[PDB]
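The chain below stands alone and is given as structure tokens, in the form deposited in one PDB entry.
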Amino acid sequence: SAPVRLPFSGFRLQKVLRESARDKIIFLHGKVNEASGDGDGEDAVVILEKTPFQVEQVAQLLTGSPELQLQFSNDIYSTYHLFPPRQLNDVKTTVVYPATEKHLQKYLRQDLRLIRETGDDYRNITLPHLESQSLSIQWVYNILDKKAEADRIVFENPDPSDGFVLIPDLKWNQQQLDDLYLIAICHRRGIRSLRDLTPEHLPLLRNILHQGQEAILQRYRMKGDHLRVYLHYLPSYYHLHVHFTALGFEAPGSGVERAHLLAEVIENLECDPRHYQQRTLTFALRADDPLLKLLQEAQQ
């Protein structure tokens, strides 16, 4: 059977978590599985995002007879409503079910605040707090165990200590290289973030950088100098992973307040073995995040 259903029965919109006109994305909190009519459904998050244009698809459309509705016109400039064929109309849909209260908070629209976390702040405040406020990494384990997305793996170094799995993300429809996005997940368990990195991890990091880039060149004919390769801090999930993005893709999470180039991570560890245990890291938090209050009050 063609899989054509959401993973639940019925969708009721509880509230809009966040929408962006410039990004053409919307985050939805839904209530599902309410066949009894008691208004007590499970939580689900549904993310909808319009897709980028495909160059040759739009080129063929413009050379024919497109369906247009005139909006504005003045001298050489004019604006239309275009209703394109089915090919240009697909909407990327991401579902989280069952969604946790943590999922509702991370997607709820909030103003951001910057914070600078010393090595001491991490050990005394952040690390104790995140242990109970972290999302499950079962999806990470499923990929490593070949329990999910095995056919989507682009490259794998199977070594338990220095190996990793290279795989597309949730969003990249793989229809164009302009928005290329892949993630590399290390096989070694227990590496929560940059804070756990030591020179012991230099072989792993070099493997991800050089084998990951070569795999992208082999599979997509995408040269290394077309790629932005980095890590997140704070990471979304506390299992070490690296982001491979097209340089021309203004990818979310590539800002300086979250992204750390993998090549510089390697060189920092080579220059100082205790770099990411002692140095201060700067990142952004939601204004109502209790971790922000804990860090702000310890810094007084």
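What we label the rigid core is the largest C-alpha set whose atoms superpose within 1.5 Å from one form to the other. Just count from 1 along the sequence shown to find any residue number. Residues that one form lacks are left out of the comparison.
A second form of this protein, the form deposited in another entry, is not displayed here; the remarks below concern that form.
Classify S161 as shifted (yes) or not shifted (no) between this form and the one not shown, where shifted means its C-alpha moves by 2 Å or more with the rigid core superposed. The answer is no, as the C-alpha of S161 shifts between this form and the one not shown by less than 2 Å after core alignment.
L247 C-alpha moves between this form and the one not shown by 2 Å or more, core aligned: Moves: no, less than 2 Å.
Looking in the other form, decide if the C-alpha atoms of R192 and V96 are closer or farther than in the form shown; they differ by 3 Å or more. Farther is correct, given that in the other form the C-alpha spacing of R192 to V96 is increased by at least 3 Å.
Closer or farther: C-alpha pair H129/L28 in the other form, relative to this form, given a change of 3 Å or more: Farther: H129 and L28 separate by 3 Å or more in the other form.
Tell me, which consecutive runs of three or more residues change place between this form and the one not shown by 2 Å or more at the CA, with the core overlaid? Shifted segments: 4-33, 42-109, 131-135.
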